[PDB]
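K.L.:
Structure incoming, see below.
Don't worry about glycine lacking a Cβ; one is built from the backbone with ideal geometry, like all the others, and counts go over all protein chains shown. Nothing in this text is a laboratory measurement; each read-out follows from the coordinates by a stated rule.
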Ligand SMILES: [Cs+]
Ligand SMILES: [Cs+]
Ligand SMILES: [Cs+]
Ligand SMILES: [Cs+]
């Protein structure tokens with residue numbers, strides 16, 4: 001996907017309003033300048049130039065009258081998703097690295113981010129548990145058949161919950177952010 | 001790059017102001033909703049979902065008090081650049097398909113779009129002419145060494161012109177739009 005000293009970035013805004021984003025390198029140099037709407041970007045990506053094979057990037061985010069500074073390390077030739085979320089009376093971000101594995105024909109791949117205060121089990125297969133840790137825990141990737149998943153079985157941990165995933169397309173990898181079960185759907189590059 | 005019934009799109013705005021873009025499918029269905037600044041997007045891309053392996057997409061563009069409608073055909077698993085340009089007292093767009101060839105280590109790849117009213121020869125190699133037809137003609141791709149090209153030899157067709165390309169990075173493919181020689185630099189996904 002990305003060339004030497006380059007990365008791909010997808011910005012995911014889970015805040016209740018627009019978020020202004022900049023990403024700086026080591027010398028007050030903007031690698032990305034982006035305005036992101038609430039519950040965007042599901043299918044928009046940017047290419048960032050690094051100064052080395054590895055770097056700590058400076059993510060500056062404006063939300064209302066706040067301008068936060070969050071640092072996250074990256075490695076060349078990788079794709080990342082920056083998840084922006086409301087953190088108390090402020091905002092914070094988490095950076096997740098995406099997989100380079102292409103689903104087999106007839107399959108799609110899915111992953112979860114759990115924002116709730118309780119650990120979740122996504123029960124797609126009963127002989128293959130899919131754990132999603134509380135407070136922004138990230139699940140392992142899982143390959144599934146392409147198709148519609150309107151009522152997926154979800155446990156926490158003596159409680160049962162249903163989750164709608166919508167239509168999953170052939171050869172596509174999805175990220176589901178569990179918000180309330182309710183989940184926001186984004187697509188990996 | 002893109003999965004079955006998907007494309008990548010990069011929007012290149014050569015107009016003097018912001019351009020609002022929508023791209024529709026066959027049933028008043030938005031595949032992309034984008035606001036693009038003047039001389040952007042050099043490194044931002046979107047994924048579009050097609051309804052078939054091939055489709056004619058409806059590109060709607062707003063520039064000041066104009067809302068134009070331009071149709072361009074696409075094929076699945078391809079990457080495209082939409083070049084928006086001022087066309088008299090209006091705007092128009094052209095869609096170009098990008099190559100899937102990765103430059104060898106130590107190399108970069110480049111391509112030209114000539115907006116001038118005269119045919120151009122980009123003389124990088126004297127034994128390998130690089131023609132760029134007038135009135136938005138597209139040149140063939142050319143692999144070159146990574147490095148700085150501040151004064152490239154450019155002919156039209158008994159006249160000599162110099163062109164600055166800046167720094168070309170390892171493994172990257174570039175699009176140069178010749179505007180006035182003066183050229184705007186964009187990067188293929
Ligand atoms: Cs975008
Ligand atoms: Cs920092
Ligand atoms: Cs963007
Ligand atoms: Cs149309």
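K.L.:
If I take all pairs of Cα atoms in segment A:53-189, what percentage of them are more than 21 Å from each other? Don't jump to the answer; show the numbers that get you there.
P.N.:
Values: 4450 of 9316 pairs.
Above the 21 Å cut-off, segment A:53-189 has 48 percent of its Cα pairs.
K.L.:
Next question, about the same structure. Based on Cα positions only, what radius of gyration and what Dmax would you give for segment A:3-56, in angstroms?
P.N.:
For segment A:3-56, the Cα radius of gyration and maximum Cα-Cα distance read 12.3, 36 Å.
K.L.:
A further question follows. Grab the Cα-Cα distance for residue A:159 and residue A:42, subtract it from 0.36 nm times how many residues apart they are, and report the gain in nm with one decimal. All intermediate terms of the calculation are to be shown ahead of the outcome.
P.N.:
On the way: separation 117, 0.36 × 117 = 42.12 nm, distance 3.02 nm.
Difference between extended and current length: 39.1 nm.
K.L.:
If we hang a label 7 Å off Cα along the beta carbon direction at residue A:92, how far is it from the matching labels on the other copies, in nm, shortest first?
P.N.:
Taking the point 7 Å beyond Cα along Cα→Cβ, the inter-copy spacings are 5.4 nm.
K.L.:
Compute the Cα gyration tensor for segment B:58-127, then decide on rounded, prolate or oblate, letting a ≥ b ≥ c be the square roots of its eigenvalues: rounded whenever a/c is under 1.5, prolate when a/b is larger than b/c in the other cases, and oblate in all that remain. Mind dumping the intermediate values first?
P.N.:
Values: a/c = 3.23, a/b = 1.52, b/c = 2.13.
Here segment B:58-127 falls in the oblate category.
K.L.:
For the pair residue B:24 and residue A:119, how long in nm is the line joining their label points, each one 7 Å along Cα→Cβ?
P.N.:
5.1 nm
K.L.:
Could you tell me how many cubic angstrom of Cα convex hull volume segment A:1-101 has per residue?
P.N.:
On the way: hull volume 9.1 nm³, N = 101.
Enclosed volume per residue, from the Cα hull, is 90 Å³.
K.L.:
Using a 10 Å cut-off around each Cβ, can you sort B:33, A:21, A:160, B:144 from fewest to most neighbouring Cβ atoms? Working shown, then result.
P.N.:
On the way: B:33 13, A:21 20, A:160 9, B:144 17.
Placing the least packed residue first, the sequence is A:160, B:33, B:144, A:21.
K.L.:
Further question on the same structure: Rank these for me by crowding, A:51, A:155, A:89, going from fewest to most other beta carbons within 10 Å.
P.N.:
Values: A:51 12, A:155 15, A:89 6.
In increasing order of surrounding Cβ atoms, one gets A:89, A:51, A:155.
K.L.:
Let me ask something else about it. Per-residue Cβ counts within 10 Å, from other chains only, averaged over B:43-53: what number is that? Display every interim value, and only then the final one.
P.N.:
On the way: counts 10, 8, 7, 5, 10, 1, 4, 0, 0, 0, 0.
Rounded to a whole number, the mean comes out at 4.
K.L.:
I need the inter-copy label distances for residue B:17: point set 7 Å along Cα to C-beta, values in nm with one decimal, smallest first.
P.N.:
Copy-to-copy label distances for residue B:17: 2.8 nm.
K.L.:
When A:9, A:66 are ordered from fewest to most other Cβ atoms inside 10 Å of their Cβ, what list results?
P.N.:
Working: A:9 27, A:66 11.
Final ranking by Cβ density, sparse to dense: A:66, A:9.
K.L.:
To confirm my reading of the symmetry, which residue of chain B has the Cβ nearest the axis that brings B onto A, and what whole-Å distance does it have?
P.N.:
Spelled out, residue of B and its Cβ distance from the axis onto A: B:45, 3.
K.L.:
Between copies, how far apart are the residue A:149 label points? List them in nm, one decimal, shortest first, with each point 7 Å from Cα toward Cβ, please?
P.N.:
Inter-copy label distances (nm, one decimal, shortest first): 4.6.
K.L.:
Another one. Only bridges whose two residues both fall in the protein assembly as shown count here: according to DSSP, what percent of them are antiparallel, nearest 5? Could the numbers behind the result be given before it?
P.N.:
Details: 115 of 141 bridges.
Counting only bridges with both partners in the protein assembly as shown, antiparallel ones make up about 80 percent.
K.L.:
Dividing the Cα convex hull volume of the protein assembly as shown by residue count, how many Å³ per residue is that? Intermediate results must be reported in sequence, preceding the final value.
P.N.:
On the way: hull volume 58.0 nm³, N = 378.
Convex hull of Cα atoms, per residue: 154 Å³.
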